[PDB]
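J.: This is the structure, below, for whatever I ask next.
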Amino acid sequence: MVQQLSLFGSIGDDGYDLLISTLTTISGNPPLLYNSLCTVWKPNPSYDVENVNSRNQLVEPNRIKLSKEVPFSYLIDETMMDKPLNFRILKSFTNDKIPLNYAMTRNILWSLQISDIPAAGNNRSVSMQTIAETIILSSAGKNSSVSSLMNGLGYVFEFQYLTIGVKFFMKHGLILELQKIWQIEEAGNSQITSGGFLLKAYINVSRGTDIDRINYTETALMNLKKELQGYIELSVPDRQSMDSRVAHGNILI
Amino acid sequence: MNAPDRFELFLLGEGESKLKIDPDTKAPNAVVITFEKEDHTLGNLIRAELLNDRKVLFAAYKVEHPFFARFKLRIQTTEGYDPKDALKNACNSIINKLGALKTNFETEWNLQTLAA
Amino acid sequence: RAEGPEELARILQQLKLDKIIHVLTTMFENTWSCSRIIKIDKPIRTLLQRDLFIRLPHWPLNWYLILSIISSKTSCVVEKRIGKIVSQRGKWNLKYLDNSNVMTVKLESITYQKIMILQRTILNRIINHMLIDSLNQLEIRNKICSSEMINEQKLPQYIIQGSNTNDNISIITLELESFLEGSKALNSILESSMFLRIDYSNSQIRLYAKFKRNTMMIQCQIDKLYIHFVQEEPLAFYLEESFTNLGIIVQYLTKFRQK
Amino acid sequence: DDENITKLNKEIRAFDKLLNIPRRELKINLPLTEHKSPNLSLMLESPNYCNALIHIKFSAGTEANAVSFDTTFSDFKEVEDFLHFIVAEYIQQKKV
Amino acid sequence: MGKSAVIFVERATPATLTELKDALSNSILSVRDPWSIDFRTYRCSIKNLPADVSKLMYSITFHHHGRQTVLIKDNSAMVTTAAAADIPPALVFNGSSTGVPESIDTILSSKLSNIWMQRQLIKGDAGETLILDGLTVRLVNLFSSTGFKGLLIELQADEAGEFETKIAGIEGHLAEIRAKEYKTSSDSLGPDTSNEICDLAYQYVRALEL
């Protein structure tokens, strides 16, 4: 469980290369390639959860995220082994098509994660969100599989998507991510972040009670934002967009 | 209504230790031991047995409020002798006495049944 | 981080003591199973005393070779004994200790060859001691015919015959009254002392007795009773039997007694 | 994955033969008759880069896996003492 | 491949553990650090369930095996960790994990409390572990909410050739102490797939069931 303090933004791919150089001028570090695959699961509507205390609202149903890393050998087509595995490959990832299709992901079926809507009030300068996390290491039995496990808990699959981007590690534990997101269905693959990169700068705090640390984290994030003034505008997203409860449906992408 | 549940008299809550031992800061070789979910039945027996050890100086117990099931015991023994060891000896002696008592009662009851 | 001069002196004394202990424990293990679990409430009566309890997997149960290391400011000695210890309700109880056969050995003289010779002889010594303990459980008095006792030639010569300096032959002197559990009517017929000779190589048990008076019944044929009379001593006879398990030897004795 | 991390891993691994702990092993085979050839394997290591640890494995000519003795030593004096004892034991075995 | 077995004695006495510790004292080679174990059962709170779907879920927490939880349901196992040192480096690197996870028991009893609710809890603390010749034996007293429950014995060996003989020997050792009602188990969850801790948890479940 962490308090994640975050700021968001977006950029057009035209400046992409330039942006990268500037980051290396500041951090002093080179970018590192990465990828991931997230699957979202929701409580089964076939089961009537009368246990939701309607007269008191002790709790509301929520959605579970399962993440995993996928090797690049599934994301590189027959035209791309010649180039080395570095960040420049992202320049060729502008098409809505991608080597990883629905059948391979179905064949695949980790990190389990749950979150809450950010803190209310208009006196917050950065998006503060609470995250509860655990890890699944292995399994066994006659039906050892992620799908069977989540159906045993009482959850069913809803959708999935694939993230590819680069990471920058700066001082004080600040992490800056440049991402491209591909939604995947049997109908096909569609790039929601079409013609651009999604930028997200964030820090993690282990204990929410410590307030000196939280103040330091906010100071670092606002200093970073004030450093990038004039190039990219980093902003607090909409509090109602980062809500992932089942009752109301929307997805920040 | 504010009447507490009765089962709190014999079921320990989670995170509760049946014994708690604390050194006493006033007299050397003295310990205060808190027992939980217990009443005079055990404290009187243990104190009466601890009064038979020639190396035991002080042994006293109390139940501060008759609402809560718990009591305190206080032990002080001679130098070179541990109060926990005294408690262990007392419990062993009590157990042996109760076993002998049970065997005697069973023998007498069977003899009466033969004479019944 | 030591604080006191007395603490420093104690630290150095313990350094010497456990350095010697480690050296000898390594010597034993490079050839022996020590025990690091046994703690006795009272140190064994024989200046720092340390008790080490060693044994082998094939030894009889609860029988331990006990070494009492006595360390002084300038000299150190070792007391080697054989004991029996049991564990009951979380306590170590010294069931039995032997003091008549304490081996007091200087630190310097101990070597590997002495260690292996002691390993070979200790099995026979422990067998003799457990036979003694069993006879004590039977309340039968006994005495060991040690190497010095045999060399002194005070024992009957026919018993010494066949013992060609073999550790597999053990002779024990038993009291006639004790072996008979107080039967005083047989004291006037047989000698008060009998001899039990056990050969592990032959796995044979012989009970030798001596007639106090020359009875003419010896002239009669007593071959059907499995009694063999000594040619050297006509007043001396013996009963011979073959044994497979030592734990049942008591029954054999009764059989002998029966005969 | 990324070029930089693999490059650094390669460059660092290139120095293993220098940075790694030195080791040595010596196998001694003694010529004995009656198809009973004991083996004496002594491996010398420096786990903390300064201290000498000698592991001795002496296998008597009885079985291929029945290791007669397997010990460790940190004092060269005890090493010499045990070597002398082993030599004496071998001489006695050859005399019996 | 190592093998393990679990024997549970229900009619044991408070001093039976000491009796078995002393009765084996001849072969005891060494003793190691104490251990602990937790055993929870979670119940399904939803009533619109099919007949063939089970209602329980057994969670077993191992303290000595690096703080690991195992969830068991219908012969299906799941192994979760909660230590920062057990995290595969890929998940830390790519961003799939914040680096400081929580135990799955907190997740079940905090966020999913409207689907699963706790029903019991059986604990074992301050057990003893003994090294015998090619064997390791662990003993502990089980305490429920009410009080003492019984005795638990778990045996682990590396060589599987003579496991049955060792189990028979330990059973005989219990036999001389006149503990005649004991339930043992050495089953395997999956004949083809062999995971040690999952099989251990399954054996615990099979031993502790009523």
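Note on naming: chains are A, B, ... as they come in the structure tokens, residues start from 1 per chain, ligands start from 1 in the order shown.
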I'd like the neighbourhood of range 153-169 of chain C as a ChimeraX atom specification, where a residue qualifies if any of its atoms comes within 12 Å (using only C-alpha atoms), though same-chain residues fewer than 2 positions away should be ignored.

T.: /C:117,120-125,127-128,144-151,171-173,193-210,229-238

J.: Next, the residues of the selection above should be written as a short mmCIF file (atom, residue, chain, number, x, y, z; two decimals), in the first residue's frame with N, CA and C atoms.

T.:
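Saved to part_2.cif:
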```
data_model
loop_
_atom_site.label_atom_id
_atom_site.label_comp_id
_atom_site.auth_asym_id
_atom_site.auth_seq_id
_atom_site.Cartn_x
_atom_site.Cartn_y
_atom_site.Cartn_z
N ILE C 117 42.84 -46.84 19.92
CA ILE C 117 42.91 -47.97 20.83
C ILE C 117 41.82 -47.88 21.89
N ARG C 120 38.59 -48.92 20.34
CA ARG C 120 38.43 -50.37 20.25
C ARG C 120 38.11 -50.98 21.61
N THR C 121 38.81 -50.55 22.67
CA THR C 121 38.64 -51.18 23.98
C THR C 121 37.35 -50.75 24.67
N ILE C 122 36.85 -49.55 24.35
CA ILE C 122 35.73 -48.98 25.09
C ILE C 122 34.46 -49.78 24.86
N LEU C 123 34.31 -50.42 23.70
CA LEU C 123 33.13 -51.25 23.46
C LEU C 123 33.09 -52.42 24.44
N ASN C 124 34.22 -53.11 24.60
CA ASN C 124 34.28 -54.21 25.56
C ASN C 124 34.10 -53.71 26.99
N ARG C 125 34.70 -52.57 27.32
CA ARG C 125 34.55 -52.02 28.66
C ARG C 125 33.09 -51.67 28.95
N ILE C 127 30.46 -53.02 27.47
CA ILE C 127 29.71 -54.27 27.58
C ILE C 127 29.87 -54.86 28.98
N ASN C 128 31.09 -54.85 29.51
CA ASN C 128 31.30 -55.32 30.88
C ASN C 128 30.52 -54.48 31.88
N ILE C 144 35.35 -57.51 38.34
CA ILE C 144 35.91 -57.58 37.00
C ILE C 144 37.30 -58.21 37.07
N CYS C 145 37.55 -59.20 36.21
CA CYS C 145 38.89 -59.76 36.03
C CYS C 145 39.60 -58.94 34.95
N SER C 146 40.17 -57.82 35.38
CA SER C 146 40.82 -56.89 34.47
C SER C 146 42.12 -57.50 33.93
N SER C 147 42.79 -56.74 33.07
CA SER C 147 44.06 -57.20 32.51
C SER C 147 45.10 -57.43 33.61
N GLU C 148 45.17 -56.52 34.58
CA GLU C 148 46.09 -56.70 35.70
C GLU C 148 45.70 -57.91 36.53
N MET C 149 44.40 -58.13 36.73
CA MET C 149 43.94 -59.29 37.49
C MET C 149 44.33 -60.60 36.80
N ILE C 150 44.19 -60.65 35.47
CA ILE C 150 44.57 -61.85 34.74
C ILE C 150 46.08 -62.03 34.76
N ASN C 151 46.83 -60.94 34.61
CA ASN C 151 48.29 -61.03 34.60
C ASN C 151 48.83 -61.46 35.96
N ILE C 171 36.11 -62.14 31.63
CA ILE C 171 35.91 -63.00 32.79
C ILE C 171 35.42 -62.13 33.94
N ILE C 172 34.35 -62.57 34.60
CA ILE C 172 33.76 -61.85 35.72
C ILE C 172 33.59 -62.83 36.88
N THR C 173 34.04 -62.43 38.07
CA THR C 173 33.85 -63.24 39.26
C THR C 173 32.52 -62.87 39.92
N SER C 193 32.73 -68.45 45.08
CA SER C 193 33.08 -67.67 43.90
C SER C 193 32.93 -68.53 42.66
N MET C 194 32.24 -67.99 41.66
CA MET C 194 32.11 -68.60 40.35
C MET C 194 32.64 -67.62 39.30
N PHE C 195 32.88 -68.13 38.09
CA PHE C 195 33.51 -67.34 37.04
C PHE C 195 32.69 -67.43 35.77
N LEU C 196 32.26 -66.28 35.25
CA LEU C 196 31.55 -66.21 33.99
C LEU C 196 32.51 -65.72 32.92
N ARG C 197 32.79 -66.57 31.93
CA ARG C 197 33.69 -66.25 30.83
C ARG C 197 32.88 -66.18 29.55
N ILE C 198 32.94 -65.03 28.87
CA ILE C 198 32.19 -64.80 27.64
C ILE C 198 33.19 -64.52 26.53
N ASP C 199 33.07 -65.28 25.44
CA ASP C 199 33.91 -65.13 24.26
C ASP C 199 33.03 -64.61 23.12
N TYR C 200 33.32 -63.39 22.67
CA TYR C 200 32.56 -62.82 21.55
C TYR C 200 32.96 -63.46 20.23
N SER C 201 34.25 -63.77 20.06
CA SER C 201 34.69 -64.46 18.86
C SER C 201 34.05 -65.84 18.75
N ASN C 202 34.01 -66.58 19.86
CA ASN C 202 33.30 -67.85 19.92
C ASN C 202 31.83 -67.70 20.26
N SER C 203 31.42 -66.52 20.76
CA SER C 203 30.05 -66.28 21.19
C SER C 203 29.59 -67.34 22.19
N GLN C 204 30.48 -67.69 23.12
CA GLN C 204 30.24 -68.75 24.08
C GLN C 204 30.23 -68.18 25.49
N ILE C 205 29.35 -68.72 26.33
CA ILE C 205 29.27 -68.34 27.74
C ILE C 205 29.54 -69.58 28.57
N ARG C 206 30.55 -69.50 29.44
CA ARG C 206 30.94 -70.60 30.31
C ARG C 206 30.86 -70.15 31.76
N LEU C 207 30.13 -70.92 32.56
CA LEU C 207 30.03 -70.69 34.00
C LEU C 207 30.87 -71.75 34.70
N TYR C 208 32.01 -71.34 35.26
CA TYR C 208 32.92 -72.22 35.97
C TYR C 208 32.65 -72.12 37.46
N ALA C 209 32.52 -73.27 38.11
CA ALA C 209 32.38 -73.35 39.56
C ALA C 209 33.35 -74.39 40.09
N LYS C 210 33.66 -74.27 41.38
CA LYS C 210 34.62 -75.15 42.04
C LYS C 210 33.94 -75.84 43.21
N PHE C 229 33.74 -81.15 33.26
CA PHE C 229 34.64 -80.99 34.39
C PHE C 229 36.05 -80.67 33.91
N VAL C 230 36.70 -79.74 34.61
CA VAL C 230 38.04 -79.30 34.22
C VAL C 230 39.03 -80.43 34.45
N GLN C 231 39.83 -80.74 33.42
CA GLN C 231 40.83 -81.79 33.56
C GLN C 231 41.90 -81.41 34.57
N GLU C 232 42.35 -80.15 34.55
CA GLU C 232 43.37 -79.71 35.50
C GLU C 232 42.85 -79.75 36.93
N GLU C 233 41.62 -79.30 37.15
CA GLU C 233 41.02 -79.26 38.48
C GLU C 233 39.78 -80.14 38.51
N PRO C 234 39.87 -81.36 39.05
CA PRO C 234 38.68 -82.22 39.11
C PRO C 234 37.54 -81.62 39.92
N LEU C 235 37.85 -80.82 40.94
CA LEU C 235 36.81 -80.15 41.72
C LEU C 235 36.15 -79.02 40.95
N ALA C 236 36.72 -78.60 39.82
CA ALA C 236 36.19 -77.50 39.03
C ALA C 236 35.42 -78.05 37.83
N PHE C 237 34.20 -77.57 37.65
CA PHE C 237 33.36 -77.91 36.51
C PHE C 237 32.88 -76.62 35.86
N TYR C 238 32.25 -76.76 34.70
CA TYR C 238 31.67 -75.59 34.05
C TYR C 238 30.50 -76.01 33.17
#
```

J.: If you run DSSP over the backbone, which residues in range 174-253 of chain A end up strand (DSSP E or B)? Put them as a list in words.

T.: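 Reading the DSSP output for range 174-253 of chain A, strand (DSSP E or B) covers residues 175, 176, 177, 178, 179, 180, 181, 182, 183, 184, 185, 188, 189, 190, 191, 196, 197, 198, 199, 200, 201, 202, 203, 204, 205, 235 and 245 of chain A.
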
J.: Keeping C-alpha atoms, export the residues of the selection given above as a JSON list (two decimals), in the first residue's frame.

T.:
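As written to disk, out-v1.json reads:
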```json
[["chain", "number", "residue", "atom", "x", "y", "z"],
["A", 175, "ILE", "CA", 10.07, 8.29, -11.97],
["A", 176, "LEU", "CA", 9.10, 9.74, -15.35],
["A", 177, "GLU", "CA", 7.32, 7.58, -17.93],
["A", 178, "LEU", "CA", 6.61, 8.06, -21.64],
["A", 179, "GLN", "CA", 3.93, 5.62, -22.78],
["A", 180, "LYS", "CA", 1.97, 4.40, -25.79],
["A", 181, "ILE", "CA", -1.17, 2.33, -25.18],
["A", 182, "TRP", "CA", -2.69, -0.29, -27.49],
["A", 183, "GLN", "CA", -6.12, -1.70, -26.70],
["A", 184, "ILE", "CA", -6.51, -5.32, -27.82],
["A", 185, "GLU", "CA", -9.65, -7.20, -28.85],
["A", 188, "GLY", "CA", -8.24, -6.10, -33.63],
["A", 189, "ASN", "CA", -5.76, -3.74, -32.01],
["A", 190, "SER", "CA", -6.36, 0.01, -31.75],
["A", 191, "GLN", "CA", -3.91, 2.61, -30.48],
["A", 196, "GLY", "CA", 1.37, 11.03, -29.40],
["A", 197, "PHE", "CA", 2.96, 9.93, -26.15],
["A", 198, "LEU", "CA", 1.41, 10.03, -22.69],
["A", 199, "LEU", "CA", 3.72, 11.53, -20.06],
["A", 200, "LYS", "CA", 3.42, 10.72, -16.35],
["A", 201, "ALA", "CA", 5.74, 11.82, -13.53],
["A", 202, "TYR", "CA", 5.22, 10.25, -10.14],
["A", 203, "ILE", "CA", 6.68, 9.36, -6.74],
["A", 204, "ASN", "CA", 5.69, 6.72, -4.18],
["A", 205, "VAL", "CA", 5.38, 7.15, -0.41],
["A", 235, "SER", "CA", -1.29, 19.19, -14.98],
["A", 245, "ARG", "CA", -15.55, 1.68, -9.23]]
```

J.: I'd like a table as a Markdown table: residues in chain C with an atom no more than 8 Å from chain D, each row giving the shortest atom pair and its distance in Å to one decimal, only C-alpha atoms counted, sorted by chain and rising residue number.

T.:
```
| residue | atom | partner | partner_atom | distance |
| --- | --- | --- | --- | --- |
| C:30 | CA | D:71 | CA | 6.6 |
| C:31 | CA | D:69 | CA | 7.5 |
| C:112 | CA | D:85 | CA | 7.4 |
```

J.: Using N, CA and C atoms, can you export the residues from the last selection as a PDB file, in the first residue's frame?

T.:
```pdb
ATOM      1  N   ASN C  30      37.634 -35.991  13.566  1.00  0.00           N
ATOM      2  CA  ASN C  30      38.425 -36.370  12.405  1.00  0.00           C
ATOM      3  C   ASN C  30      38.759 -37.854  12.379  1.00  0.00           C
ATOM      4  N   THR C  31      38.234 -38.635  13.318  1.00  0.00           N
ATOM      5  CA  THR C  31      38.486 -40.069  13.362  1.00  0.00           C
ATOM      6  C   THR C  31      37.188 -40.853  13.202  1.00  0.00           C
ATOM      7  N   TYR C 112      46.487 -39.727  18.459  1.00  0.00           N
ATOM      8  CA  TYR C 112      45.510 -40.392  17.601  1.00  0.00           C
ATOM      9  C   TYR C 112      45.467 -41.891  17.861  1.00  0.00           C
TER      10      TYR C 112
END
```

J.: Please tabulate, as a Markdown table, the residues of chain B that come within 10 Å of chain E, each with its closest pair of atoms and the distance in Å to one decimal, counting only C-alpha atoms and ordering rows by chain, then residue number upward.

T.:
```
| residue | atom | partner | partner_atom | distance |
| --- | --- | --- | --- | --- |
| B:10 | CA | E:146 | CA | 7.8 |
| B:11 | CA | E:146 | CA | 5.7 |
| B:12 | CA | E:145 | CA | 6.7 |
| B:13 | CA | E:145 | CA | 7.7 |
| B:14 | CA | E:145 | CA | 7.8 |
```

J.: Distance cut-off 12 Å, counting only C-alpha atoms - which residues of chain E neighbour chain D? Return them as a ChimeraX atom specification.

T.: /E:90,93-94
